[PDB]
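Novice: Mind having a look at this structure? Questions to follow.
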Amino acid sequence: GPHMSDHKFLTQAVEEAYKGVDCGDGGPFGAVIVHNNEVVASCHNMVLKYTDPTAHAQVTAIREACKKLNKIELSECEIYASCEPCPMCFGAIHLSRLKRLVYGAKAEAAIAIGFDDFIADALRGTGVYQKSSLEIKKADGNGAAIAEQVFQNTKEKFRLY
Amino acid sequence: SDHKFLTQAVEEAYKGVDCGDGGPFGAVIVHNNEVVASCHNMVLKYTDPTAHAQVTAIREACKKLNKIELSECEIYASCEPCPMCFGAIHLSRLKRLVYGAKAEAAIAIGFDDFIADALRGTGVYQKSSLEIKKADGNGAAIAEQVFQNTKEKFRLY
Ligand SMILES: Nc1nc2c(ncn2[C@@H]2O[C@H](CO)[C@@H](O)[C@H]2O)c(=O)[nH]1
Ligand SMILES: Nc1nc2c(ncn2[C@@H]2O[C@H](CO)[C@@H](O)[C@H]2O)c(=O)[nH]1
Ligand SMILES: [Zn+2]
Ligand SMILES: [Zn+2]
């Protein structure tokens with residue numbers, strides 16, 4: 001059920017992170033968008049491949065899912081992010097109308113290997129103007145440990161962008 | 001020079017509304033008074049809810065200059081950038097933002113109450129360093145007028 005599906009899709013997002021950093025497409029971040037347990041898009045960060053600083057894993061997955069589904073609203077879909085989404089990605093998640101976000105690692109795990117200290121107030125509940133009502137789940141247990149370890153494991157395979 | 005490029009971003013907003021590409025928003029990225037990108041919202045054309053004017057402009061500028069950072073460049077936005085767009089402006093390292101209309105002008109004709117704390121100075125976890133100018137006088141009047149003039153010329157998203 002939900003738990004098994006959640007763990008499977010977060011694991012897919014983590015594997016995308018490893019795949020993308022391995023082939024030089026971008027940093028170690030993956031995202032999977034699912035429609036009633038059917039995968040619509042499975043993507044990783046493409047900033048280096050695309051020369052596009054907006055091509056984070058989550059944005060790339062939204063772009064792909066919307067193109068595939070022929071609609072700009074992903075209201076029947078959920079997104080699994082290997083790492084907590086940044087302010088841009090969390091904004092994109094809002095604009096796409098995704099109904100639920102599950103993420104694996106806290107942003108601090110990426111910041112620990114040198115990524116920008118760039119965290120979404122609306123995800124953490126700390127804004128004045130931007131407020132979220134999106135359903136948000138932070139992974140726990142085995143899936144969370146596997147997600148957090150990505151950054152220490154991939155430190156030397158890529159250069160920070 | 002600020003009025004010229006703000007006015008070009010507003011012209012883009014009108015053109016994109018007129019051809020059905022997206023909503024009434026445009027953005028212009030410049031390097032030392034040379035236009036590097038001139039775009040409008042492409043959400044409807046591209047079937048892409050991330051294709052706001054500012055994101056589109058960033059993608060096109062990064063392609064034109066063949067690099068992922070625009071630290072020598074400034075962005076002119078016909079309307080206050082949203083949390084997504086202002087985050088993209090942060091990631092692209094643009095050094096200055098000039099924007100025409102406050103978000104309230106767009107909210108007034110039906111867009112989401114969807115405002116970037118970091119732009120307004122109320123971020124906790126997100127703190128901006130880039131220089132931000134809200135237009136005044138004629139530039140503000142032109143930019144606010146977009147929303148009254150385009151009111152029912154496009155589909156909301
Ligand atoms: N979750 C995620 N974070 C990214 C990505 N690319 C860069 N980062 C950075 O990693 C940190 C944690 O999200 C922030 O500085 C992000 O901007 C991406 O594709 N996905
Ligand atoms: N500045 C700007 N706002 C947009 C655009 N598309 C939709 N909006 C919405 O307009 C409001 C003010 O930025 C927010 O709800 C935005 O999400 C765009 O392309 N540019
Ligand atoms: Zn991001
Ligand atoms: Zn925007």
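Here's how to read the names in the structure tokens: chain A, B, ... by the order shown, residue numbers from 1 in each chain, ligand numbers from 1 in the order shown.
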Using only C-alpha atoms and all ligand atoms, which residues have at least one atom no more than 9 Å from ligand 4? Output them as a PyMOL selection string.
Specialist: (chain A and resi 91-92+95) or (chain B and resi 41+50-55+80-86+88+114)
Novice: Would you put the residues from that selection into a file with C-alpha atoms, as a short mmCIF file (atom, residue, chain, number, x, y, z; two decimals), in the first residue's frame?
Specialist:
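Written out: out-v3.cif:
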data_model
loop_
_atom_site.label_atom_id
_atom_site.label_comp_id
_atom_site.auth_asym_id
_atom_site.auth_seq_id
_atom_site.Cartn_x
_atom_site.Cartn_y
_atom_site.Cartn_z
CA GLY A 91 7.42 27.06 -6.24
CA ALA A 92 7.25 24.89 -9.36
CA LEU A 95 2.37 25.99 -9.77
CA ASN B 41 5.11 33.60 -20.36
CA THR B 50 7.23 26.33 -15.11
CA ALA B 51 7.52 28.47 -18.28
CA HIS B 52 6.86 31.82 -16.62
CA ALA B 53 8.38 34.86 -18.35
CA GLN B 54 11.38 35.01 -15.99
CA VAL B 55 12.21 31.29 -16.17
CA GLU B 80 6.95 41.00 -9.46
CA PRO B 81 8.53 37.47 -9.77
CA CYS B 82 6.79 34.62 -7.92
CA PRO B 83 8.56 32.19 -5.51
CA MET B 84 9.54 29.93 -8.43
CA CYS B 85 10.86 32.74 -10.60
CA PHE B 86 12.64 34.55 -7.79
CA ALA B 88 15.38 30.78 -10.47
CA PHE B 114 1.72 33.54 -4.57
#
Novice: Name all residues at most 10 Å from residue 86 of chain A (count only C-alpha atoms; drop same-chain ones fewer than 2 positions away) and give them as number ranges by chain.
Specialist: A: 56, 58, 83-84, 88-92, 107, 116-123; B: 84, 87-88, 91, 126
Novice: Just to be explicit: take each residue in the selection above, keep C-alpha atoms, and write the result as a compact mmCIF listing (two decimals), in the first residue's frame.
Specialist:
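Generated output (again07.txt):
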# COMPACT_ATOMS: atom_id res chain seq x y z
CA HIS A 56 16.71 20.88 -11.23
CA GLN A 58 11.90 18.45 -9.73
CA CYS A 83 16.31 15.70 -1.64
CA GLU A 84 14.18 18.47 -0.10
CA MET A 88 12.44 27.40 -7.05
CA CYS A 89 11.43 23.71 -7.14
CA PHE A 90 8.93 24.13 -4.33
CA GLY A 91 7.42 27.06 -6.24
CA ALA A 92 7.25 24.89 -9.36
CA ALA A 107 18.43 20.11 2.58
CA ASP A 116 24.04 26.60 -1.55
CA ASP A 117 22.26 27.19 1.74
CA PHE A 118 19.00 27.75 -0.22
CA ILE A 119 15.89 26.44 1.57
CA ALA A 120 12.19 26.95 0.87
CA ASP A 121 10.49 28.88 3.69
CA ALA A 122 7.13 27.69 2.45
CA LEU A 123 8.13 24.02 2.77
CA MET B 84 9.54 29.93 -8.43
CA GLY B 87 14.29 31.23 -6.86
CA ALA B 88 15.38 30.78 -10.47
CA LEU B 91 20.16 30.22 -8.97
CA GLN B 126 15.80 32.19 1.92
Novice: Could you give me, as a Markdown table, a per-residue list for chain B showing, wherever an atom lies at most 10 Å from an atom of ligand 2, the closest pair of atoms and their distance in Å to one decimal, using only C-alpha atoms and all ligand atoms and sorting by chain then residue number from low to high?
Specialist:
| residue | atom | partner | partner_atom_place_in_ligand_line | distance |
| --- | --- | --- | --- | --- |
| B:13 | CA | ligand 2 | 19 (O) | 8.4 |
| B:16 | CA | ligand 2 | 19 (O) | 9.9 |
| B:22 | CA | ligand 2 | 19 (O) | 7.5 |
| B:23 | CA | ligand 2 | 6 (N) | 5.8 |
| B:24 | CA | ligand 2 | 19 (O) | 7.1 |
| B:25 | CA | ligand 2 | 20 (N) | 4.6 |
| B:26 | CA | ligand 2 | 20 (N) | 6.5 |
| B:27 | CA | ligand 2 | 20 (N) | 7.8 |
| B:39 | CA | ligand 2 | 19 (O) | 9.4 |
| B:40 | CA | ligand 2 | 19 (O) | 6.6 |
| B:41 | CA | ligand 2 | 19 (O) | 4.2 |
| B:42 | CA | ligand 2 | 19 (O) | 7.5 |
| B:43 | CA | ligand 2 | 6 (N) | 7.6 |
| B:49 | CA | ligand 2 | 6 (N) | 8.2 |
| B:50 | CA | ligand 2 | 6 (N) | 8.6 |
| B:51 | CA | ligand 2 | 19 (O) | 6.9 |
| B:52 | CA | ligand 2 | 19 (O) | 3.4 |
| B:53 | CA | ligand 2 | 19 (O) | 4.0 |
| B:54 | CA | ligand 2 | 20 (N) | 6.3 |
| B:55 | CA | ligand 2 | 19 (O) | 7.9 |
| B:56 | CA | ligand 2 | 19 (O) | 8.4 |
| B:57 | CA | ligand 2 | 19 (O) | 10.0 |
| B:77 | CA | ligand 2 | 1 (N) | 6.4 |
| B:78 | CA | ligand 2 | 1 (N) | 6.4 |
| B:79 | CA | ligand 2 | 1 (N) | 4.0 |
| B:80 | CA | ligand 2 | 1 (N) | 4.8 |
| B:81 | CA | ligand 2 | 1 (N) | 4.3 |
| B:82 | CA | ligand 2 | 13 (O) | 4.5 |
| B:83 | CA | ligand 2 | 17 (O) | 7.9 |
| B:84 | CA | ligand 2 | 17 (O) | 8.0 |
| B:85 | CA | ligand 2 | 1 (N) | 7.7 |
| B:86 | CA | ligand 2 | 1 (N) | 9.3 |
| B:99 | CA | ligand 2 | 1 (N) | 8.4 |
| B:100 | CA | ligand 2 | 1 (N) | 9.1 |
| B:101 | CA | ligand 2 | 1 (N) | 8.4 |
| B:102 | CA | ligand 2 | 12 (C) | 7.6 |
| B:103 | CA | ligand 2 | 12 (C) | 4.3 |
| B:104 | CA | ligand 2 | 12 (C) | 7.2 |
| B:105 | CA | ligand 2 | 12 (C) | 7.7 |
| B:106 | CA | ligand 2 | 12 (C) | 5.3 |
| B:107 | CA | ligand 2 | 11 (C) | 6.0 |
| B:108 | CA | ligand 2 | 11 (C) | 9.4 |
| B:109 | CA | ligand 2 | 10 (O) | 9.4 |
| B:110 | CA | ligand 2 | 15 (O) | 8.2 |
| B:111 | CA | ligand 2 | 15 (O) | 4.5 |
| B:112 | CA | ligand 2 | 15 (O) | 3.8 |
| B:113 | CA | ligand 2 | 15 (O) | 5.4 |
| B:114 | CA | ligand 2 | 15 (O) | 4.6 |
| B:115 | CA | ligand 2 | 14 (C) | 6.5 |
| B:116 | CA | ligand 2 | 13 (O) | 8.7 |
| B:156 | CA | ligand 2 | 7 (C) | 8.2 |
| B:157 | CA | ligand 2 | 7 (C) | 6.9 |
Novice: Emit the selected residues as a compact mmCIF listing (two decimals), in the first residue's frame, including C-alpha atoms.
Specialist:
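What landed in selection_39.txt:
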# COMPACT_ATOMS: atom_id res chain seq x y z
CA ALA B 13 3.58 40.63 -21.95
CA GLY B 16 2.28 36.82 -25.51
CA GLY B 22 0.51 32.44 -21.92
CA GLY B 23 -0.45 35.15 -19.46
CA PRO B 24 0.33 38.85 -19.58
CA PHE B 25 3.94 38.70 -18.31
CA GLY B 26 7.25 39.45 -20.01
CA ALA B 27 10.88 39.51 -18.98
CA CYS B 39 10.53 36.51 -23.55
CA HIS B 40 7.01 36.24 -22.29
CA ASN B 41 5.11 33.60 -20.36
CA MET B 42 4.91 30.36 -22.43
CA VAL B 43 2.89 28.15 -20.06
CA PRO B 49 3.58 25.41 -15.78
CA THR B 50 7.23 26.33 -15.11
CA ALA B 51 7.52 28.47 -18.28
CA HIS B 52 6.86 31.82 -16.62
CA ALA B 53 8.38 34.86 -18.35
CA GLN B 54 11.38 35.01 -15.99
CA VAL B 55 12.21 31.29 -16.17
CA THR B 56 11.86 31.36 -19.96
CA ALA B 57 14.16 34.41 -20.16
CA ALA B 77 10.24 41.76 -15.15
CA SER B 78 6.92 43.30 -16.15
CA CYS B 79 5.47 41.90 -12.91
CA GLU B 80 6.95 41.00 -9.46
CA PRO B 81 8.53 37.47 -9.77
CA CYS B 82 6.79 34.62 -7.92
CA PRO B 83 8.56 32.19 -5.51
CA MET B 84 9.54 29.93 -8.43
CA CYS B 85 10.86 32.74 -10.60
CA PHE B 86 12.64 34.55 -7.79
CA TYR B 99 10.24 44.81 -11.79
CA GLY B 100 7.25 46.83 -12.96
CA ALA B 101 4.02 45.89 -11.16
CA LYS B 102 3.57 44.59 -7.61
CA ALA B 103 2.11 41.09 -7.38
CA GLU B 104 -1.14 42.56 -6.06
CA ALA B 105 -1.81 43.93 -9.56
CA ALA B 106 -1.85 40.42 -10.97
CA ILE B 107 -3.73 38.93 -8.02
CA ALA B 108 -6.42 41.59 -8.61
CA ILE B 109 -7.32 40.00 -11.94
CA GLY B 110 -7.24 36.37 -10.79
CA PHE B 111 -3.73 34.96 -10.39
CA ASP B 112 -2.75 33.08 -7.18
CA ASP B 113 -1.77 34.97 -4.04
CA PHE B 114 1.72 33.54 -4.57
CA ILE B 115 4.41 35.95 -3.42
CA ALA B 116 8.12 35.49 -2.75
CA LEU B 156 -5.91 31.85 -16.33
CA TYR B 157 -3.50 29.12 -15.15
Novice: For chain A against chain B, with a cut-off of 10 Å and counting only C-alpha atoms, what is the closest atom pair and its distance in Å to one decimal for every residue that makes the cut, ordered by chain and number, as JSON lines?
Specialist:
{"residue": "A:47", "atom": "CA", "partner": "B:68", "partner_atom": "CA", "distance": 7.6}
{"residue": "A:48", "atom": "CA", "partner": "B:68", "partner_atom": "CA", "distance": 7.9}
{"residue": "A:50", "atom": "CA", "partner": "B:63", "partner_atom": "CA", "distance": 8.6}
{"residue": "A:51", "atom": "CA", "partner": "B:68", "partner_atom": "CA", "distance": 5.4}
{"residue": "A:52", "atom": "CA", "partner": "B:68", "partner_atom": "CA", "distance": 5.7}
{"residue": "A:53", "atom": "CA", "partner": "B:68", "partner_atom": "CA", "distance": 5.3}
{"residue": "A:54", "atom": "CA", "partner": "B:88", "partner_atom": "CA", "distance": 6.0}
{"residue": "A:55", "atom": "CA", "partner": "B:59", "partner_atom": "CA", "distance": 9.0}
{"residue": "A:59", "atom": "CA", "partner": "B:50", "partner_atom": "CA", "distance": 7.3}
{"residue": "A:60", "atom": "CA", "partner": "B:50", "partner_atom": "CA", "distance": 9.5}
{"residue": "A:62", "atom": "CA", "partner": "B:48", "partner_atom": "CA", "distance": 7.8}
{"residue": "A:63", "atom": "CA", "partner": "B:48", "partner_atom": "CA", "distance": 5.7}
{"residue": "A:64", "atom": "CA", "partner": "B:48", "partner_atom": "CA", "distance": 8.6}
{"residue": "A:65", "atom": "CA", "partner": "B:48", "partner_atom": "CA", "distance": 9.2}
{"residue": "A:66", "atom": "CA", "partner": "B:48", "partner_atom": "CA", "distance": 6.2}
{"residue": "A:67", "atom": "CA", "partner": "B:47", "partner_atom": "CA", "distance": 6.1}
{"residue": "A:68", "atom": "CA", "partner": "B:47", "partner_atom": "CA", "distance": 9.6}
{"residue": "A:69", "atom": "CA", "partner": "B:47", "partner_atom": "CA", "distance": 9.4}
{"residue": "A:70", "atom": "CA", "partner": "B:47", "partner_atom": "CA", "distance": 6.7}
{"residue": "A:71", "atom": "CA", "partner": "B:47", "partner_atom": "CA", "distance": 6.1}
{"residue": "A:72", "atom": "CA", "partner": "B:47", "partner_atom": "CA", "distance": 5.4}
{"residue": "A:73", "atom": "CA", "partner": "B:49", "partner_atom": "CA", "distance": 7.5}
{"residue": "A:74", "atom": "CA", "partner": "B:49", "partner_atom": "CA", "distance": 9.6}
{"residue": "A:86", "atom": "CA", "partner": "B:87", "partner_atom": "CA", "distance": 7.9}
{"residue": "A:87", "atom": "CA", "partner": "B:87", "partner_atom": "CA", "distance": 5.4}
{"residue": "A:88", "atom": "CA", "partner": "B:84", "partner_atom": "CA", "distance": 4.1}
{"residue": "A:89", "atom": "CA", "partner": "B:84", "partner_atom": "CA", "distance": 6.6}
{"residue": "A:90", "atom": "CA", "partner": "B:84", "partner_atom": "CA", "distance": 7.1}
{"residue": "A:91", "atom": "CA", "partner": "B:84", "partner_atom": "CA", "distance": 4.2}
{"residue": "A:92", "atom": "CA", "partner": "B:84", "partner_atom": "CA", "distance": 5.6}
{"residue": "A:93", "atom": "CA", "partner": "B:84", "partner_atom": "CA", "distance": 8.8}
{"residue": "A:94", "atom": "CA", "partner": "B:84", "partner_atom": "CA", "distance": 8.7}
{"residue": "A:95", "atom": "CA", "partner": "B:49", "partner_atom": "CA", "distance": 6.2}
{"residue": "A:96", "atom": "CA", "partner": "B:49", "partner_atom": "CA", "distance": 5.7}
{"residue": "A:97", "atom": "CA", "partner": "B:49", "partner_atom": "CA", "distance": 9.2}
{"residue": "A:116", "atom": "CA", "partner": "B:91", "partner_atom": "CA", "distance": 9.1}
{"residue": "A:117", "atom": "CA", "partner": "B:126", "partner_atom": "CA", "distance": 8.2}
{"residue": "A:118", "atom": "CA", "partner": "B:126", "partner_atom": "CA", "distance": 5.9}
{"residue": "A:119", "atom": "CA", "partner": "B:125", "partner_atom": "CA", "distance": 5.4}
{"residue": "A:120", "atom": "CA", "partner": "B:126", "partner_atom": "CA", "distance": 6.4}
{"residue": "A:121", "atom": "CA", "partner": "B:125", "partner_atom": "CA", "distance": 5.5}
{"residue": "A:122", "atom": "CA", "partner": "B:117", "partner_atom": "CA", "distance": 9.0}
{"residue": "A:124", "atom": "CA", "partner": "B:125", "partner_atom": "CA", "distance": 8.5}
{"residue": "A:125", "atom": "CA", "partner": "B:124", "partner_atom": "CA", "distance": 9.9}
{"residue": "A:126", "atom": "CA", "partner": "B:124", "partner_atom": "CA", "distance": 6.5}
{"residue": "A:127", "atom": "CA", "partner": "B:123", "partner_atom": "CA", "distance": 6.2}
{"residue": "A:128", "atom": "CA", "partner": "B:122", "partner_atom": "CA", "distance": 6.4}
{"residue": "A:129", "atom": "CA", "partner": "B:117", "partner_atom": "CA", "distance": 5.7}
{"residue": "A:130", "atom": "CA", "partner": "B:115", "partner_atom": "CA", "distance": 5.7}
{"residue": "A:131", "atom": "CA", "partner": "B:114", "partner_atom": "CA", "distance": 8.3}
{"residue": "A:132", "atom": "CA", "partner": "B:114", "partner_atom": "CA", "distance": 9.7}
{"residue": "A:161", "atom": "CA", "partner": "B:68", "partner_atom": "CA", "distance": 8.3}
Novice: Between A:82, A:37, A:11, A:75, which residue has the minimum interatomic distance to ligand 3, considering only C-alpha atoms and all ligand atoms?
Specialist: A:82
Novice: Of the candidates A:10, A:31, A:144, A:77, which one gets nearest to ligand 3 if we count only C-alpha atoms and all ligand atoms?
Specialist: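 Checking each of A:10, A:31, A:144, A:77 against ligand 3, counting only C-alpha atoms and all ligand atoms, the winner is A:31.
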Novice: Report, in Å with one decimal, the straight-line distance from atom CA of residue 5 of chain A to atom CA of residue 78 of chain A.
Specialist: 11.3 Å
Novice: Which parts of chain B does DSSP call alpha helix (DSSP H) when run on the backbone here, written out as a ChimeraX atom specification?
Specialist: /B:2-19,43-46,53-65,83-92,103-107,117-120,137-149
Novice: For residue 7 of chain B, work out the shell of residues within 9 Å, counting only C-alpha atoms and skipping chain neighbours fewer than 3 positions away, then give it as a list in words.
Specialist: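 The residues that qualify are residues 2, 3, 4, 10, 11, 12, 76, 78, 100, 139, 142 and 143 of chain B.
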Novice: Convert the current residue selection to file output with N, CA and C atoms, as an mmCIF file, in the first residue's frame.
Specialist:
data_model
loop_
_atom_site.group_PDB
_atom_site.id
_atom_site.type_symbol
_atom_site.label_atom_id
_atom_site.label_comp_id
_atom_site.auth_asym_id
_atom_site.auth_seq_id
_atom_site.Cartn_x
_atom_site.Cartn_y
_atom_site.Cartn_z
ATOM 1 N N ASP B 2 16.627 51.841 -17.510
ATOM 2 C CA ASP B 2 15.626 51.023 -16.824
ATOM 3 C C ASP B 2 14.254 51.164 -17.479
ATOM 4 N N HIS B 3 13.836 52.394 -17.817
ATOM 5 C CA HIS B 3 12.516 52.531 -18.428
ATOM 6 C C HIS B 3 12.413 51.819 -19.782
ATOM 7 N N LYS B 4 13.452 51.913 -20.621
ATOM 8 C CA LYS B 4 13.456 51.241 -21.918
ATOM 9 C C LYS B 4 13.229 49.741 -21.786
ATOM 10 N N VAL B 10 7.170 44.789 -20.801
ATOM 11 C CA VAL B 10 5.712 44.961 -20.853
ATOM 12 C C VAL B 10 5.172 44.690 -22.267
ATOM 13 N N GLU B 11 5.891 45.166 -23.288
ATOM 14 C CA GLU B 11 5.557 44.826 -24.679
ATOM 15 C C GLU B 11 5.506 43.312 -24.886
ATOM 16 N N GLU B 12 6.494 42.576 -24.354
ATOM 17 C CA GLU B 12 6.450 41.121 -24.434
ATOM 18 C C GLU B 12 5.200 40.559 -23.798
ATOM 19 N N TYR B 76 14.698 42.441 -16.188
ATOM 20 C CA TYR B 76 13.547 43.328 -16.115
ATOM 21 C C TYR B 76 12.298 42.487 -16.197
ATOM 22 N N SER B 78 8.119 42.448 -16.122
ATOM 23 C CA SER B 78 6.921 43.300 -16.154
ATOM 24 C C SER B 78 6.148 43.211 -14.832
ATOM 25 N N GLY B 100 8.197 45.764 -12.642
ATOM 26 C CA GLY B 100 7.253 46.825 -12.956
ATOM 27 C C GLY B 100 6.108 46.919 -11.989
ATOM 28 N N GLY B 139 6.998 54.040 -15.423
ATOM 29 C CA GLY B 139 7.226 52.609 -15.582
ATOM 30 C C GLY B 139 6.253 51.804 -14.748
ATOM 31 N N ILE B 142 2.695 52.042 -16.579
ATOM 32 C CA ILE B 142 2.641 51.120 -17.722
ATOM 33 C C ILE B 142 2.480 49.674 -17.246
ATOM 34 N N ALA B 143 3.276 49.306 -16.242
ATOM 35 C CA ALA B 143 3.284 47.900 -15.845
ATOM 36 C C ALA B 143 1.985 47.528 -15.156
#
Novice: Running DSSP on the backbone, which parts of segment 2-156 of chain A land in strand (DSSP E), as JSON, numbers by chain?
Specialist: {"A": [30, 31, 32, 33, 34, 35, 38, 39, 40, 41, 42, 43, 44, 77, 78, 79, 80, 81, 82, 83, 100, 101, 102, 103, 104, 105, 135, 136, 137, 138]}
Novice: Write to file, as a CSV table (one decimal), in the first residue's frame, the residues of the selection just made, with N, CA and C atoms.
Specialist:
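Contents of part_14.csv, as written:
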chain,number,residue,atom,x,y,z
A,30,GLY,N,17.3,13.4,-7.8
A,30,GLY,CA,16.4,12.7,-8.7
A,30,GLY,C,15.0,13.0,-8.3
A,31,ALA,N,14.0,12.8,-9.2
A,31,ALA,CA,12.6,13.1,-8.9
A,31,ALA,C,11.7,12.2,-9.7
A,32,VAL,N,10.7,11.7,-9.2
A,32,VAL,CA,9.8,10.8,-9.9
A,32,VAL,C,8.3,11.3,-9.7
A,33,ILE,N,7.6,11.4,-10.7
A,33,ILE,CA,6.2,11.8,-10.7
A,33,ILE,C,5.3,10.7,-11.0
A,34,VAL,N,4.3,10.4,-10.2
A,34,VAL,CA,3.6,9.2,-10.3
A,34,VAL,C,2.1,9.5,-10.3
A,35,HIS,N,1.3,8.8,-11.2
A,35,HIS,CA,-0.1,9.0,-11.3
A,35,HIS,C,-0.8,7.8,-10.9
A,38,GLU,N,1.3,4.7,-11.3
A,38,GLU,CA,1.9,4.6,-12.6
A,38,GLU,C,3.0,5.7,-12.7
A,39,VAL,N,4.2,5.4,-13.1
A,39,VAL,CA,5.2,6.4,-13.2
A,39,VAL,C,5.0,7.2,-14.5
A,40,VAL,N,4.9,8.6,-14.3
A,40,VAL,CA,4.8,9.5,-15.4
A,40,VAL,C,6.1,10.0,-15.9
A,41,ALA,N,7.0,10.4,-14.9
A,41,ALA,CA,8.3,10.9,-15.3
A,41,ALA,C,9.3,10.5,-14.3
A,42,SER,N,10.5,10.1,-14.7
A,42,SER,CA,11.5,9.7,-13.7
A,42,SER,C,12.8,10.5,-14.2
A,43,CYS,N,13.2,11.4,-13.5
A,43,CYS,CA,14.2,12.4,-14.0
A,43,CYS,C,15.3,12.7,-12.9
A,44,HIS,N,16.4,13.2,-13.4
A,44,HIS,CA,17.4,13.8,-12.4
A,44,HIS,C,17.8,15.2,-12.9
A,77,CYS,N,-1.4,13.7,-9.5
A,77,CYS,CA,-0.1,13.1,-9.4
A,77,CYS,C,0.6,13.5,-8.1
A,78,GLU,N,1.6,12.7,-7.7
A,78,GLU,CA,2.4,13.0,-6.6
A,78,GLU,C,3.9,13.0,-7.1
A,79,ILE,N,4.7,13.7,-6.3
A,79,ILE,CA,6.2,13.8,-6.7
A,79,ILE,C,7.0,13.3,-5.5
A,80,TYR,N,8.0,12.5,-5.9
A,80,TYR,CA,9.0,12.0,-4.9
A,80,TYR,C,10.3,12.6,-5.3
A,81,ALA,N,10.9,13.3,-4.3
A,81,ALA,CA,12.2,14.0,-4.5
A,81,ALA,C,13.3,13.3,-3.7
A,82,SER,N,14.4,13.0,-4.2
A,82,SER,CA,15.5,12.4,-3.4
A,82,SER,C,15.9,13.4,-2.4
A,83,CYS,N,15.9,14.7,-2.6
A,83,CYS,CA,16.3,15.7,-1.6
A,83,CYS,C,15.2,16.7,-1.5
A,100,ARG,N,0.8,16.0,-3.7
A,100,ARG,CA,1.6,15.5,-2.6
A,100,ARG,C,3.0,15.5,-2.9
A,101,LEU,N,3.9,15.8,-2.0
A,101,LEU,CA,5.3,15.7,-2.1
A,101,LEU,C,5.9,14.8,-1.1
A,102,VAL,N,6.6,13.8,-1.5
A,102,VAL,CA,7.4,13.0,-0.5
A,102,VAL,C,8.9,13.3,-0.8
A,103,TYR,N,9.7,13.6,0.2
A,103,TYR,CA,11.1,13.8,-0.1
A,103,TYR,C,12.0,13.0,0.9
A,104,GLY,N,13.2,12.7,0.4
A,104,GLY,CA,14.0,11.8,1.1
A,104,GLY,C,15.0,12.4,2.1
A,105,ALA,N,15.9,13.2,1.6
A,105,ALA,CA,16.9,13.9,2.5
A,105,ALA,C,16.6,15.3,2.8
A,135,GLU,N,0.2,18.6,0.7
A,135,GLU,CA,0.5,17.5,1.6
A,135,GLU,C,2.0,17.1,1.4
A,136,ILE,N,2.8,17.1,2.5
A,136,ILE,CA,4.2,17.0,2.4
A,136,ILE,C,4.6,15.9,3.4
A,137,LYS,N,5.4,14.9,2.9
A,137,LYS,CA,5.9,13.9,3.8
A,137,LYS,C,7.4,13.9,3.7
A,138,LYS,N,8.1,13.9,4.8
A,138,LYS,CA,9.5,13.7,4.9
A,138,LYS,C,9.7,12.2,5.2
Novice: With distances taken over only C-alpha atoms and all ligand atoms, which of A:19, A:106, A:7, A:49 is nearest to ligand 1?
Specialist: A:106
Novice: Can you measure atom CA of residue 99 of chain A to atom CA of residue 153 of chain B for me? One decimal in Å is fine.
Specialist: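 So the two atoms, atom CA of residue 99 of chain A and atom CA of residue 153 of chain B, lie 29.0 Å apart.
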Novice: Could you name the residues that touch residue 155 of chain A at 10 Å or less, counting only C-alpha atoms, but leaving out those on the same chain fewer than 4 positions away, as number ranges by chain?
Specialist: A: 21, 27-28, 110, 113-114, 150-151, 159-160
Novice: Just write the chosen residues, C-alpha atoms, as a JSON list (two decimals), in the first residue's frame.
Specialist:
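Output file selection20.json is given in full below:
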[["chain", "number", "residue", "atom", "x", "y", "z"],
["A", 21, "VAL", "CA", 25.63, 12.36, -11.28],
["A", 27, "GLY", "CA", 24.18, 17.04, -9.37],
["A", 28, "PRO", "CA", 22.97, 14.03, -7.29],
["A", 110, "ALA", "CA", 23.28, 18.63, 0.45],
["A", 113, "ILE", "CA", 28.85, 18.79, 0.80],
["A", 114, "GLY", "CA", 28.84, 22.41, -0.41],
["A", 150, "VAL", "CA", 23.69, 10.09, -1.43],
["A", 151, "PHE", "CA", 25.70, 13.25, -0.78],
["A", 159, "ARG", "CA", 31.79, 19.59, -9.23],
["A", 160, "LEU", "CA", 29.34, 21.94, -7.50]]
